[PDB]
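For reference, the structure is listed below as structure tokens.
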Amino acid sequence: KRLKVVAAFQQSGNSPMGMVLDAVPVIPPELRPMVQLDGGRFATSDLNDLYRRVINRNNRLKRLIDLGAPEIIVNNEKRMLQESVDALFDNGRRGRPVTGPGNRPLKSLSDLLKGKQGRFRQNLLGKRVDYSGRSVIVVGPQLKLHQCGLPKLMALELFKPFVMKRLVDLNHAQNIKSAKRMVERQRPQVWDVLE
Amino acid sequence: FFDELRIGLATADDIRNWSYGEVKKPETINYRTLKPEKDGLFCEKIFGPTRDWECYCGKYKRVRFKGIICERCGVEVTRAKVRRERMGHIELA
Amino acid sequence: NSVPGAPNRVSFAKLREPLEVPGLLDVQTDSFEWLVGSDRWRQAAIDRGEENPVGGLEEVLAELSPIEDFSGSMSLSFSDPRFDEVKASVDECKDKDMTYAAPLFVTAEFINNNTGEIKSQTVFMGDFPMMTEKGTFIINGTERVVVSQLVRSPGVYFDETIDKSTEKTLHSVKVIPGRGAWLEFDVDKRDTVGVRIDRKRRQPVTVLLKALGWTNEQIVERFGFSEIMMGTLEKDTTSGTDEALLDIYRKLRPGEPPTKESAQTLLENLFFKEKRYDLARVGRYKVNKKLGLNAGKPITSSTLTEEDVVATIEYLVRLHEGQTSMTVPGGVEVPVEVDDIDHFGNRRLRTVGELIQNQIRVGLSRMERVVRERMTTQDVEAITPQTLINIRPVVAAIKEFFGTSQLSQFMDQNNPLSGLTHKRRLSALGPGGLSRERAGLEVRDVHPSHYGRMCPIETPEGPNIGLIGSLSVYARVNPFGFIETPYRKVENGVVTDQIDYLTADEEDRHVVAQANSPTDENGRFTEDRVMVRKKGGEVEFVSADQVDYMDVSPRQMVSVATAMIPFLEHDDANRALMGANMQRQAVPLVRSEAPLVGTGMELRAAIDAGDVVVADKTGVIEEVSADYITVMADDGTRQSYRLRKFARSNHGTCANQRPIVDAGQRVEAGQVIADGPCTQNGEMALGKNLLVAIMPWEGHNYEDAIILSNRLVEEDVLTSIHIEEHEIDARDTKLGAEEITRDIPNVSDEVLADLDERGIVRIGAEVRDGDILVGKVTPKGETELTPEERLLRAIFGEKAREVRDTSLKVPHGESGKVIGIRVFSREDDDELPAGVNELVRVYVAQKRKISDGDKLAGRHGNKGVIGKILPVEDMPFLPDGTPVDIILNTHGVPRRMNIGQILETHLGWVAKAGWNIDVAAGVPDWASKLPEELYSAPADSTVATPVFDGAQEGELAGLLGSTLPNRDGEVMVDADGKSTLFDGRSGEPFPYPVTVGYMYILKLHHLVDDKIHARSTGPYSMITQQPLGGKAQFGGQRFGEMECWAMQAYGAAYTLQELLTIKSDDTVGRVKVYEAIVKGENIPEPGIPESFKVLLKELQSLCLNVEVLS
Amino acid sequence: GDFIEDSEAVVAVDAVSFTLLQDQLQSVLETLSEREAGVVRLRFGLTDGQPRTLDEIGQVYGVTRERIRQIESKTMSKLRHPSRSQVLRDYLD
Amino acid sequence: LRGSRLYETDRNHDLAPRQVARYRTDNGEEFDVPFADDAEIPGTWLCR
Ligand SMILES: [Zn+2]
């Protein structure tokens, strides 16, 4: 078992020094957005909260070392920084998870791509798509094996761009804006082109 | 057109090279004027401008200056969508 | 008979009901009255056989007080809660969007021990939400219900398991308190008795006994019966109480160094001090009953005691040995047996009162902590309760529970039955309950103890199967939280009028006979042997002298909804469950009518739901309008009732009350004077009764599809009114306040034609998709207009207007008339949220007719969507010219085992067309047991067939064979229930007769109108940039992993690629493809979806050097 | 986060209409004006996104100040003719 | 329910002229900054 791990560093061009960090990276803000919700409220991903804590502690240590605090306080600050970084990478792994309002644990980096939710199984292997609809089904006994009955409104919504093109090129609308306006109000000329 | 995807163990040098600036303040946005604070999270000098070709102080506000770093605030004038691809780092003691 | 009105409805019931159905809302109201404490509750408790009853608030306050600070020098206490009056009324709170609460006052006393002062006075504890007459809470103008929670009661539980290695039987016991460390004993495969204290490592129980103060002689004296006890004692290395104490302290608290006083006081505070270990009031009673301790004395101290620990050890040891009975010294004899935790003798019910009490306790604990913090920070002379009492935590906890707790739920207001069933819901989830992902088969299966307490039919069909149920009709809740059911005392084989309410564990010691057993007028059993249930819930024949209890009614086991399925006994459990669930989804219709055939419950339920208006006092009606009813009581008092008209319900269904009484009509207290949404003449009318033919028709009813006649559309038989509310708000912004205006930039003059002068839409207008409802505008600020826009404005001389349009527009696919508008302006009071200056609500109502795709269903779980609506001339018609209304396929019934619907159809046809049983040659044999009232009835006469006591097979056959003729003196339906139909299209008669009758079809709230949305392009996600989901937005359909597997199986590489890149998150590809489609060009090549880039730059974080090579 | 729509994502149809407006404007009305188009292009900056004051034309070319304004007024008047002012009258919104 | 966060003809042939500076840090790390021809280069800069 030990050789399984040791051989990886031996038979490669990488050193195990990477397990100790001297500079933690920061994700771009857009992936942790601070969006101004309607009415002036702000919604923030809790990830950027974790980061803040790290920085705070990392600042305090820099102060304590500067003025020569007793070794006990410096060691306590170093331990706190270690725990903060650990929770940033993986919250709740070692100790009790960090919680904000209420009692719900914060979502760490690992949680963003860990399980059923996240990115791998929720945003990479399968995703929501445009030009799609859904509706209840009923039996059509007069249909052929290769035919299906599509509601008028659903078909219009699905084919809106094609309908707009066929409206503008047939001189029903003078431009794309006029064709879109005509389709939204569903004037009679739309249904002739839809079929 | 990708040939292969290689994973490795990032070192301090790689992390520093990835970054466009060190984050050394926990501030995200000021309470009034709701704009990003300097040197903190969401900093424009590090992660890029919030608007397209508009620096913090507004000296440069048009596409013609694309690529120029404002000498008064340090914000590069580029697409606002660079804020989802610019990384920062924290140098911890 | 109970209701003065009592619309005529002959009943097939052959058994007289010895007990009247109790109040169906008692579970909520009685619990809430106990919580706050009311005079009627005090009187009931006194009469029940209790002295000095204590309410929930009083109990919590007594638990909190008295308090003394650390290093005690002065004390505080609370007492005497009081409620004065509700600030506002029900409908004022509903309209104004405020909670319906009343202020609470408690007298607080502060005492200085040094001098003996008393700063006693009243303190305002906050606004306590109050329960309405219907048993609901109005929070922020929304009606909510608190559902009772099923939870394992505190106590001591023993069990046994067969080992895998040795295959020995190993017995374990666990003590489960309300709060406190967990204590559990065990027996190992090495034949040793150990204990785990506070989830610590196992050790022999002898060390625990020694530490408790037992020398090595009393253990031998008491536990001399068993041999494993002696094995453990001999193997125990520790000697003396002091030796054991040190080891226990080291193990439990290895961190701090051991000491003498701390070691001595360790176990004392761990279990035997109420401030840190407390069995609930129920827990102490259960422990006493299990171990036979403190037999026959009031329970005041609930904390654990040293006697019960050794009692539990003795019980476990004896149970492992194999002894049946056991008696501890100073205690009564009790049996020795394991405990199944699914038995309702173990599972108890937290009512709304207890749920609120827990949150009050938490809030008071936080308040007490704050009081302790503030007590030793200011002077001890000029200190008063007000200064150091902060009421914020308790009100905050109360508000959090109602608005956040999973148990506090948004009321289901589809129809009165839905709301009634919601209030009688028993849930196993919620805090302290089960988890949907951690619930096996055993918990969700039906247990024999459920009989008469939890209905086995009514329960969710989906993943919540068996975790959520409904209270039975006659079930009652014991103050400890256990569910009791009534039974008739029978002695010497004679049924007696005495009725006793028994609990599951209490009835397990008796033999109960079913209600439907023959009995003479005297009461003595006619038969020699009777059917009964035994201890294990096993069914058996026994002699009539062995029975000591009897069921109150045949329908003791069913709930309210299940009680309204006629011919329930002829329907399979699955279909009965489906029908009961469906009954709660029926939407109200424009006009309602009661079923031809039903149970006797429809009446009572309708009154209990509280949607109908009942006269308070006997009198004579004075004035009857569509808006109010004025009644002059028998005395000089007169009362006016306000009728709700076109009021939107919680689910956008019209709630409309209309009078049924006439001017100058005498009415009695408890008599219905106005009908509710889904009621007709005081009964519950959820659907419509209509003519049905059972046959396949050209494949349009294939696979559960349904065909309807166009008449139901022309006559609005299945039409319903649906109302929706739209809200807009004008508030402040850093660029200036946004104003509600009638002028909007870049809008045609015709568009704003129906807008009021203020900018709000006019009442009575007909708004369609995209129409303006309220006009609003917001400041822009910076413009930086593009050069092309600047030139376009210059050539047209249009101002660069300061404001942008933000008007409220009708959502996609909506329509209907505007019926109501509400305006709140901060200027005229209107205490709106901070920053909001104007609030406008617009109500749009639309009338929906039955159409293709709408879902209908019966009362037997025969659901289906409408596939075809035919003109009247196409439907098959009776030989007299009458066309049928619905065609149901014949291939469903036999395989689904819901044959009860065929009997429903037969009896409905019998009811619609009157019947008369000839009695010239005596009475027919089949009609021997029919009551006289059923010998003959006129046309359109309603009937009642109670479940498990109703119309019988032969009676139904005879009634089919003895119907009256039609207007032409002929019978359309023969004695077998079938009739000869004519083909509407071809015109020739069908070769064989077809079953025809009347069925009660109800319209479920599943309409294609509100689930059709499609999408071509819409809003996207912030981070992943993928389309949003949901009909609320322009939701895109999810192309899940299984769909990708299917596409790979087909080998459709290109379709999959375009689905996953172009149509989801290829930001550049999306716009380029739209441009190509509009311009009529080839689709461009996809590339690099944004989600992969996000994943790459997320893995770059947490120090992984992910990179792409070439 | 699954319910907050992005308010900066490019709207497809709009992004099309604009490029049509830029296509139906730069082509027809610009070309029928011969060299009088140039002054309009610099005036509004639709050629490089650089609006220019009157003098910025006279700083190099020999045209004078008031003549440029007269040309601008004449072009403004004659380009509003319905025959050529109706095709561009649908992109105002 | 919607939120918000805090299109010009792209051209590569023509761009505003720029001049490149050069800075050394205490550790000997070299950095370059493109400034406009307006100059006004500060004596000290903040590096990455
Ligand atoms: Zn600048």
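Just remember, in the structure tokens the first chain shown is A, the second B, etc., residues are 1-based per chain, and ligands are 1-based in the order shown.
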
List all protein, DNA and RNA residues that have any atom at most 10 Å from ligand 1, counting only C-alpha atoms and all ligand atoms, and write the list as number ranges by chain.
B: 45, 49, 54-61, 68-77

Output C-alpha atoms of each residue in that selection to a file, as a CSV table (one decimal), in the first residue's frame.
```
chain,number,residue,atom,x,y,z
B,45,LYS,CA,-7.7,45.9,-11.0
B,49,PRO,CA,-13.5,45.8,-15.4
B,54,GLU,CA,-14.6,51.3,-18.8
B,55,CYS,CA,-11.9,51.6,-16.1
B,56,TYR,CA,-12.6,52.4,-12.4
B,57,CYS,CA,-12.1,56.2,-12.7
B,58,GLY,CA,-13.6,56.5,-16.1
B,59,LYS,CA,-10.6,58.1,-17.8
B,60,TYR,CA,-10.8,55.4,-20.6
B,61,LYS,CA,-14.3,54.6,-21.7
B,68,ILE,CA,-4.3,49.9,-22.3
B,69,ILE,CA,-3.8,49.8,-18.5
B,70,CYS,CA,-5.2,53.0,-16.9
B,71,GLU,CA,-2.3,54.8,-15.1
B,72,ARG,CA,-4.7,56.3,-12.5
B,73,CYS,CA,-6.6,53.1,-11.3
B,74,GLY,CA,-4.7,50.2,-13.0
B,75,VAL,CA,-7.9,48.7,-14.5
B,76,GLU,CA,-7.4,47.2,-18.0
B,77,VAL,CA,-9.9,48.2,-20.6
```

Tell me which protein, DNA and RNA residues are within 7 Å of segment 894-907 of chain C, counting only C-alpha atoms, leaving out same-chain ones fewer than 4 positions away, and put them as a PDB file with C-alpha atoms, in the first residue's frame.
```
ATOM      1  CA  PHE C 567     -69.127   0.372  -2.286  1.00  0.00           C
ATOM      2  CA  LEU C 568     -65.642   0.668  -0.781  1.00  0.00           C
ATOM      3  CA  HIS C 570     -65.940  -3.963  -3.416  1.00  0.00           C
ATOM      4  CA  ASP C 571     -62.816  -1.974  -4.399  1.00  0.00           C
ATOM      5  CA  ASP C 572     -59.192  -3.054  -4.118  1.00  0.00           C
ATOM      6  CA  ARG C 575     -57.768   1.831  -6.302  1.00  0.00           C
ATOM      7  CA  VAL C 597     -75.508   7.671  -4.747  1.00  0.00           C
ATOM      8  CA  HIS C 860     -62.787   4.565  -7.301  1.00  0.00           C
ATOM      9  CA  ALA C 911     -81.787   6.356  -8.199  1.00  0.00           C
ATOM     10  CA  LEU C 956     -79.216  -3.977  -6.115  1.00  0.00           C
ATOM     11  CA  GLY C 977     -78.452  -3.180 -16.154  1.00  0.00           C
ATOM     12  CA  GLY C 997     -76.088   4.204 -15.946  1.00  0.00           C
ATOM     13  CA  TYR C 998     -75.148   7.321 -13.963  1.00  0.00           C
ATOM     14  CA  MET C 999     -71.668   8.006 -12.586  1.00  0.00           C
TER      15      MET C 999
END
```

Which neighbours of residue 58 of chain D fall inside 12 Å, counting only C-alpha atoms, when residues of the same chain fewer than 6 positions from it are skipped, and could you give them as a PyMOL selection string?
chain D and resi 39+42+52+64-69

Compile the residues of chain B that lie within 8 Å of chain E, evaluated using only C-alpha atoms, and express the compilation as a CSV table (one decimal) with C-alpha atoms, in the first residue's frame.
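Generated file (selection-v9.csv):
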```csv
chain,number,residue,atom,x,y,z
B,19,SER,CA,-3.1,35.1,-10.7
B,20,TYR,CA,-3.4,38.7,-12.0
B,21,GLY,CA,-3.0,40.1,-8.5
B,22,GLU,CA,-2.9,39.3,-4.8
B,35,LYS,CA,-19.1,49.3,-6.4
B,50,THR,CA,-17.2,45.5,-14.7
B,63,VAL,CA,-13.0,50.6,-27.4
B,64,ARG,CA,-10.2,52.5,-29.1
B,65,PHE,CA,-8.0,52.0,-25.9
B,66,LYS,CA,-8.4,48.2,-25.9
B,67,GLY,CA,-5.5,46.7,-24.0
B,68,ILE,CA,-4.3,49.9,-22.3
B,69,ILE,CA,-3.8,49.8,-18.5
B,70,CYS,CA,-5.2,53.0,-16.9
B,71,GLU,CA,-2.3,54.8,-15.1
```

Please, which residues of chain D lie no more than 6 Å from chain C when the count uses only C-alpha atoms, and can they be set out as number ranges by chain?
D: 5-6, 12, 44, 46

Just to be explicit: take each residue in the selection above, keep C-alpha atoms, and write the result as a short mmCIF file (atom, residue, chain, number, x, y, z; two decimals), in the first residue's frame.
```cif
data_model
loop_
_atom_site.label_atom_id
_atom_site.label_comp_id
_atom_site.auth_asym_id
_atom_site.auth_seq_id
_atom_site.Cartn_x
_atom_site.Cartn_y
_atom_site.Cartn_z
CA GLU D 5 -31.77 34.81 -14.66
CA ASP D 6 -28.72 36.55 -16.10
CA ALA D 12 -30.48 36.53 -29.72
CA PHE D 44 -22.24 60.45 -35.07
CA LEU D 46 -20.88 55.24 -36.70
#
```
